2 protein chains.
Amino acid sequence: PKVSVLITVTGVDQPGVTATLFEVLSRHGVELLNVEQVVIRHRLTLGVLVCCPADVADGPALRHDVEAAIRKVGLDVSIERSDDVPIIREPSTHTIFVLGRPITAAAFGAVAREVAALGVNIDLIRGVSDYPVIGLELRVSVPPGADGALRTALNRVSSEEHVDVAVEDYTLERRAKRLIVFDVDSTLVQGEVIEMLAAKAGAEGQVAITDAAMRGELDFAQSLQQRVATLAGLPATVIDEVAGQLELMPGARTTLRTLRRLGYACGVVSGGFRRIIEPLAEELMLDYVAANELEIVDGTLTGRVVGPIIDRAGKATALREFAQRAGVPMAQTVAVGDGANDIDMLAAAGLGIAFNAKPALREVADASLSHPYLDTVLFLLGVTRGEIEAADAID
Amino acid sequence: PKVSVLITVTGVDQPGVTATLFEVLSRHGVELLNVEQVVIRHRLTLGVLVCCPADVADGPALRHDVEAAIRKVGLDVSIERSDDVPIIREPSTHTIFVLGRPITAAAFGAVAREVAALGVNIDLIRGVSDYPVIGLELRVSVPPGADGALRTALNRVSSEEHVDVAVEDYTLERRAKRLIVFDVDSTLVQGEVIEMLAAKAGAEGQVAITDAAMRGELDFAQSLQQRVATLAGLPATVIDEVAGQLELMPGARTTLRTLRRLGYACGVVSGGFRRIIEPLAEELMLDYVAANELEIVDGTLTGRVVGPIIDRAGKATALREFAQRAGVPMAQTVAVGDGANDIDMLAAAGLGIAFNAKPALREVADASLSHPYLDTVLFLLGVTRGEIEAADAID
Ligand SMILES: [Mg+2]
Ligand SMILES: [Mg+2]
């Protein structure tokens, strides 16, 4: 070992190619510095960086042995002196997830154009899902300070091309997320509990205000007071009744189950009501619940809540509390929500994900998901559909 | 979208290729099912699986547009009907780490041969380190039930070719390790504390027994009693003295620092002495310590330990305890040790790693490391050197 030689094998994949090459190289004084190999749609690329004697690399024997062995079976090979060549590639700085149903060629084309415009190099592309949504990952190297400009460009691409596009730090630290909190209403659970409760009072219509609150049109606490007031006079029995009518968001069970496989701490933070949520959190085996509480007198709702009120600032406060108890730094926390009520929590989390969200949240969130499948969150956390299905089939 | 078309682009990498292709495809009714792209040593492979109208795919317009655009800039492209082709590749079942200094071509060749012999497919190869040791990862798909035969074949390759070879489950669950324990003596710390203590009594020679114990020649407790007895009469001052003479294993700080980035719980389990280890565990900010305790009377060592004795079974018991307190399933635990004293602990852990170990441990351990760098443990945990250096340069 004294001088560096690069060997690159390409062509139609065949069994035994890898073994054959290193067996040939063993007849020469070769030590390995780096090997990279992949097969994509039956196309092989095998790049081998070696050190060998100056004696060996400055002779045609190494070349003839390698070229004869590789060409005979029908692949191409190149061999060249190195010495100035990088031994091992740098890690990517960021990763980009593109989700759609469909993902048009125009959409992906726009992503690639914006990326190229900002001097961002594409290091790798791969599929992460074929169901319930098409999912594609690009690992990239962003020029320093440009990731702000990148997220903006891709958010514009996202709205224009009807796909979800999320840019994430791909560093060792910032991608070992370990704690997640979900908003309940219209995130973990379908629809709005308070609307289901108001329907029992014949007030579903008025409780308008929920859409007003979630878009950020008014103060959460005052909207909460007006809405819960519509429940005044209802028997407390309604609580259990509504609890039993709750449907999980499509993909919710898969989401939680997979997060448990990964060792996540899981919790919920809601402006809804503890008596309806605790029943479900115990079933879903969650680690943390923060919620509001209905006032009850003589087995009847009074139409008020018992303070403290979990408001916008309160949701972030609960996240902080949870993370502190669990020993997880905020940078390694994830929060998932849909309403303006969730703005502070998502902003506080390491990764704030807007799920089918009002515009107010979509605009401050780290990432947005627009398809009615909560398990698309998993793709943003570095999981592939194949990995989910593999682990699920083993139980 | 009605019929499936595969487009494969190969050749010398050039800027703009990716964007160009999808821009061309956008002129046709193309929706994306899967994209895979990599560039290895300036060789591009871009495989694009699409759905488009039967109208479009059964006409030469799509072909001419793609072929003209790609060939003009000097790359190759193929286009073919699919319909029976896999949309997205299956996850790998296992991963194999090859570490060496050097890794000869003969060594890697032997790994590839054993792999091919057992019908194992190589899905991907990449470098994970160039320092302090050459590190290569192969992600593979092992035929069901054959991974036992594989580890045996590669352990033989390992001893014969002078490289470390470790085979690991590559499932979602079994690779989210979250807790690690280190043996102290000759693992986290250089040399043997009890030998350093015995040297103060002029008994370093006799305390023979330590090498006897670590190879499994005799019962740990009785070897411990004979060895600690040689300390009878030493002033307790010696404890602090030896504590201050301890040198961390090369790479230990990097190892712990990186495990903290990943959110690991970290601990030590030792047959050594708490008064010497607790001082160091607090400094290294560890989460758990189990150790033995020297008996002291009138500020003098008596030559006995205060029960309970952490023996072979005891080390596993401590690991279980730690994991239970931390909420980590045993399958997601890692244990690192060098002696026969560590056999039960390594066997209990999800991943048992023998570090520069006596043969007795090397033969039952899930993986063995033979280079005097503790941070090679990180490579076995899915970390690359580039990732370590990136995170370290950001602080
Ligand atoms: Mg909500
Ligand atoms: Mg030891």
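In order, the residues displayed for chain B correspond to 5-211, 213-400 in Swiss-Prot numbering, which applies throughout.
Per the header: X-ray crystallography, 1.9 Å.
Note that Cβ sites are derived from N, Cα and C of the backbone, with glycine treated the same way.
According to Swiss-Prot, the protein carries these features:
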ACT_SITE  B:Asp187  active site, nucleophile
ACT_SITE  B:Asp189  active site, proton donor
BINDING   B:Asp187, B:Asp189, B:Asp343  Mg(2+) binding site
BINDING   B:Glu196, B:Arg232, B:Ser275, B:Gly276, B:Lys320, B:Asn346  substrate binding site
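Here is what falls inside 10 Å of the CA of B:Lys320 (substrate binding site) among the recorded positions B:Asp187, B:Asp189, B:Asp343: B:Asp187. Using the Cβ center of B:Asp187, B:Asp189, B:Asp343 for Mg(2+), the list of other same-chain residues with Cβ within 8 Å runs, in sequence order, B:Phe186, B:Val188, B:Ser190, B:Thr191, B:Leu192, B:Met219, B:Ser275, B:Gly342, B:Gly344, B:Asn346, B:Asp347, B:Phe360. Separation of the C-alpha atoms of B:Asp189 (active site, proton donor) and B:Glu196 (substrate binding site): 5 Å, rounded to the nearest whole number. Of all the binding-site residues listed here (B:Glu196, B:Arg232, B:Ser275, B:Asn346), B:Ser275 has the Cα closest to the Cα of B:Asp187 (active site, nucleophile).
When Cβ atoms from all protein chains are considered, those within 10 Å of B:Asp187 (active site, nucleophile) total 26, not counting its own. For B:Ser275 (substrate binding site), the Cβ neighbour count at a 10 Å cut-off comes to 28, with all displayed protein chains included. DSSP gives B:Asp187 (active site, nucleophile) a coil state; it is part of no helix or strand. In the vicinity of ligand 2, defined as a Cβ distance under 6 Å, the following of the recorded positions B:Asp187, B:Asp189, B:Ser275, B:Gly276, B:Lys320, B:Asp343 are placed: B:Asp187, B:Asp189, B:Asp343. Around the Cβ of B:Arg232 (substrate binding site), 25 further Cβ atoms fall within 10 Å across all displayed protein chains. It is 11 Å from the Cα atom of B:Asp343 (Mg(2+) binding site) to that of B:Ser275 (substrate binding site). Taken over all pairs of the listed substrate-binding residues (B:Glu196, B:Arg232, B:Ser275, B:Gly276, B:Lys320, B:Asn346), the Cα spread reaches a maximum of 19 Å, rounded to the nearest whole number.
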